[PDB]
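Below: one structure, written as structure tokens.
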Amino acid sequence: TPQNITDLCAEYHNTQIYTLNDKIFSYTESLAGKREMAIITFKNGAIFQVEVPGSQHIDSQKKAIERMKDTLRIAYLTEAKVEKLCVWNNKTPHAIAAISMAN
Amino acid sequence: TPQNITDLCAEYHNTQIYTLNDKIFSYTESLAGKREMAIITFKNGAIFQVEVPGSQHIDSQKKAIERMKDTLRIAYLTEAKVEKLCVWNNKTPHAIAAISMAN
Amino acid sequence: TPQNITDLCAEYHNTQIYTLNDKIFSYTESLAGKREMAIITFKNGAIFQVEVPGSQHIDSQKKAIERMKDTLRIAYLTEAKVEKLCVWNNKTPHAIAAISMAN
Amino acid sequence: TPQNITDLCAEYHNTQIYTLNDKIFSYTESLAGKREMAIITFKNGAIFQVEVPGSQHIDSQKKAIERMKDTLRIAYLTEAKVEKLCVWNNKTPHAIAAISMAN
Amino acid sequence: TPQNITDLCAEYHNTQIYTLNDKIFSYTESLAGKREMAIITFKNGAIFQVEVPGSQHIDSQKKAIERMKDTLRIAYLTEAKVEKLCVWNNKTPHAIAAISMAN
Ligand SMILES: CC(=O)N[C@@H]1[C@@H](O[C@@H]2O[C@@H](C)[C@@H](O)[C@@H](O)[C@@H]2O)[C@H](O[C@@H]2O[C@H](CO)[C@H](O)[C@H](O[C@H]3O[C@H](CO)[C@H](O)[C@H](O)[C@H]3NC(C)=O)[C@H]2O[C@@H]2O[C@@H](C)[C@@H](O)[C@@H](O)[C@@H]2O)[C@@H](CO)O[C@@H]1O
Ligand SMILES: C[C@@H]1O[C@@H](O)[C@@H](O)[C@H](O)[C@@H]1O
Ligand SMILES: [Ca+2]
Ligand SMILES: [Ca+2]
Ligand SMILES: [Ca+2]
Ligand SMILES: [Ca+2]
Ligand SMILES: [Ca+2]
Ligand SMILES: [Ca+2]
Ligand SMILES: [Ca+2]
Ligand SMILES: [Ca+2]
Ligand SMILES: [Ca+2]
Ligand SMILES: [Ca+2]
């Protein structure tokens, strides 16, 4: 089991760490069919998504996808500093796998 | 996959963008049968609904309808600035599809 | 579809609007068997319940009842001004059908 | 249907009302197997539990047990004054049945 | 039934109490397949996880795992002082079984 986001991210293929050390600039959420997703942006122009749930996700990830969207909404509203994000760079916008928060 | 709300909204028929750049003036919700819905207003007189779930919605959308109501309530209570709404304009009140917040 | 709480309330028999324009003075909740309910009061001595969920409530109302209790708790805790309540007046205490908040 | 916590509490055997009129001093929560519970304390030394779900609880109480633990956590973190608790006094620690908040 | 976290922790093998008396330094969460987990750290260097749900967890522990992650996230975001953690010391990082908060 990994002890931090960087080591967790290294267990997966096609992932990358982005270091933001910044609060979320914008939070977007959609209930429209086939686009049930969240998008966040940062000041520096980075855009990330939480993926629409789909056949590519195992059952155990479903509750974790809904948790991530909850986390990003409350992070946004509290102006919490996002340290790092682990993302899948094979999606556009890049797709969030993990988040760390520190300040 | 769209990268912002405007591009998302363009994926659907019968939608338009509003750019409020304002907090929600009023928040209403109902638990009455066949009217389990939220209504929000803005200082400028605009009125929007989150629709009663129904045939127009597929199964993946039910969780997102609930999340949208959660998002609107906490945005109201935090006085969070709404940047844009994507809404369906063949409903009265216009029906929310997506929201962006930025300040 | 109604555009406000007052028009929504009028669609039901045995309802009326209370206009409080005040924060919730007390919040009570119960997990006791057959009394899984909430009760709120206002400084003017008005008392209202969220009903125990039952057979008089269709499935779509079950989620909405739980949301409403969530709403009242967080409204209480943030001292949010309640504008109006739509309530069934054929229950004692009068039972909440809808709420609007504005300040 | 009762209109306050004291009358609700008096509908049950083996209960009494504690009047705290004080914030929660400590909040404890456990996920350990067979001890999935919460424990709160007050400055006066009083200690109360939300019980582990089990056969003494009817199906309608399961969501309300979860709601209560959510309520105690947010009350703790907001320093919300707890007015009264209705508790079962045949459990050790005494087990919460209902809570009222007012300040 | 135990009345405090120390006595609760003593009911289990492979556990120990850490007395932190400190807010959470970082919060990390992951939706990644098979690492649906949370990691917290403290200023003193200590690292703890909430375990990926698994065969070592009975079905009653599943809601509580979800709650604990909710609790850690809101604690981090309110800078809530964590008094004690009961952790399993046969996992790496040590895995949270219980938390107490007081300040
Ligand atoms: C609003 C807009 O147009 N924004 C773009 C940025 O793209 C957005 O954000 C990124 C993270 C992706 O989610 C995009 O889909 C999204 O539109 C854009 O960021 C770059 O996007 C690239 C992917 O299209 C790529 O991720 C790039 O970073 C990687 O590639 C560059 C090549 O120059 C470098 O090798 C980086 O080291 C590498 N990073 C890795 C592998 O972790 C993104 O660029 C980086 O992130 C930006 C936010 C910014 O900090 C850049 O300086 C940095 O290189 C940027 C590109 O400038 O333009 C718009 O802001
Ligand atoms: C009201 C009481 O408070 C503490 O003193 C506990 O030890 C008792 O069991 C009871 O829960
Ligand atoms: Ca600010
Ligand atoms: Ca801080
Ligand atoms: Ca204001
Ligand atoms: Ca702000
Ligand atoms: Ca006040
Ligand atoms: Ca206000
Ligand atoms: Ca204080
Ligand atoms: Ca107050
Ligand atoms: Ca601080
Ligand atoms: Ca405090």
Side-chain angles (χ1 to χ4, degrees), chain A residues 18 22-57 59 61-80 82 87-97, chain B residues 1-15 17 19 21 23 38 48-88 95-103:
Chain A
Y18 284 70
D22 197 15
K23 68 174 87 294
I24 298 162
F25 188 81
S26 73
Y27 174 91
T28 298
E29 171 180 310
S30 167
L31 61 77
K34 313 296 187 161
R35 293 300 188 210
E36 305 93 351
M37 71 182 301
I39 301 155
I40 65 175
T41 76
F42 294 82
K43 185 195 303 112
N44 72 355
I47 302 178
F48 307 94
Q49 66 167 308
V50 180
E51 287 196 81
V52 172
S55 75
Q56 80 266 35
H57 299 112
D59 287 327
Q61 292 182 275
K62 291 287 163 75
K63 291 188 298 187
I65 286 157
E66 302 303 296
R67 175 183 296 286
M68 185 63 71
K69 292 176 288 197
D70 291 347
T71 292
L72 299 175
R73 179 181 52 205
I74 190 59
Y76 170 76
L77 294 165
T78 62
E79 303 188 10
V82 174
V87 311
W88 286 286
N89 54 44
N90 73 344
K91 316 289 175 176
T92 307
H94 295 353
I96 300 177
Chain B
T1 300
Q3 301 208 10
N4 54 72
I5 187 168
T6 298
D7 291 347
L8 192 144
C9 213
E11 297 184 315
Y12 298 84
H13 299 110
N14 306 104
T15 63
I17 291 284
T19 305
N21 290 332
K23 71 186 188 187
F48 306 95
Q49 73 170 305
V50 174
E51 293 169 289
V52 174
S55 277
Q56 77 273 47
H57 307 113
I58 51 167
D59 276 22
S60 54
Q61 286 184 276
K62 276 104 107 303
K63 279 178 165 168
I65 288 165
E66 300 304 301
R67 172 186 300 286
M68 183 66 70
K69 285 175 295 193
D70 291 348
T71 293
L72 298 179
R73 178 183 52 213
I74 196 59
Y76 175 74
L77 294 170
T78 55
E79 296 185 20
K81 191 166 280 186
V82 179
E83 182 205 61
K84 304 177 183 276
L85 286 170
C86 169
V87 309
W88 286 284
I96 300 166
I99 187 168
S100 62
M101 292 182 290
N103 199 10

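Numbers restart at 1 for each chain; the letters A, B, ... are given by sequence-line order, proteins then strands.
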Q) Top residue by heavy-atom pair count (under 4.5 Å) with chain A, among B/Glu66, B/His57, B/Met68? A) B/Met68
Q. Is any side-chain N of the basic residue among B/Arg73 and B/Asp70 closer than 4.0 Å to the acidic one's carboxylate O?
A. yes
**Q.** Side-chain touch B/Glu83/A/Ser26, heavy atoms, less than 4.5 angstrom
**A.** no
**Q.** Inter- and intrachain pairs under side chain to side chain donor-acceptor pair (under 3.5 Å), touching residues 44-55 of chain A, at least two apart
**A.** A/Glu51-A/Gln56
**Q.** Top of A/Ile24, A/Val52, A/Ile74, A/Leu77 for chain B proximity - count of heavy-atom pairs under 4.5 angstrom
**A.** A/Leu77
Q. Parallel under 30°, tilted from 30 to 60°, perpendicular over 60°: which one fits the rings of A/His94 and A/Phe48?
A. tilted
**Q.** B/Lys62 portion near chain A, given a 4.5 angstrom heavy-atom threshold
**A.** neither
Q.
Minimum heavy-atom separation for B/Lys69 and B/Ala38, please, with both atom names.
A. CG-CB, 3.9 Å
Q: Identify the residue among A/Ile40, A/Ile47, A/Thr41 that makes a side-chain contact (heavy atoms from CB on, under 4.5 Å) with A/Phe25.
A: A/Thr41
Q. At a heavy-atom separation under 4.5 Å, does B/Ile65 approach chain A through its side chain, its backbone, both, or neither?
A. both
(Q) If I measure from the heavy atoms of chain A, does B/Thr78 come under 4.5 Å with its side chain, its backbone, both, or neither? (A) side chain
Q.
As an exercise: rank B/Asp59, B/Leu8, B/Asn4 by heavy-atom pairs under 4.5 Å with chain A and give me the winner.
A. B/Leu8
Q.
Quick check on A/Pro53 against chain B: is it the side chain, the backbone, both or neither that has a heavy atom closer than 4.5 Å?
A. neither
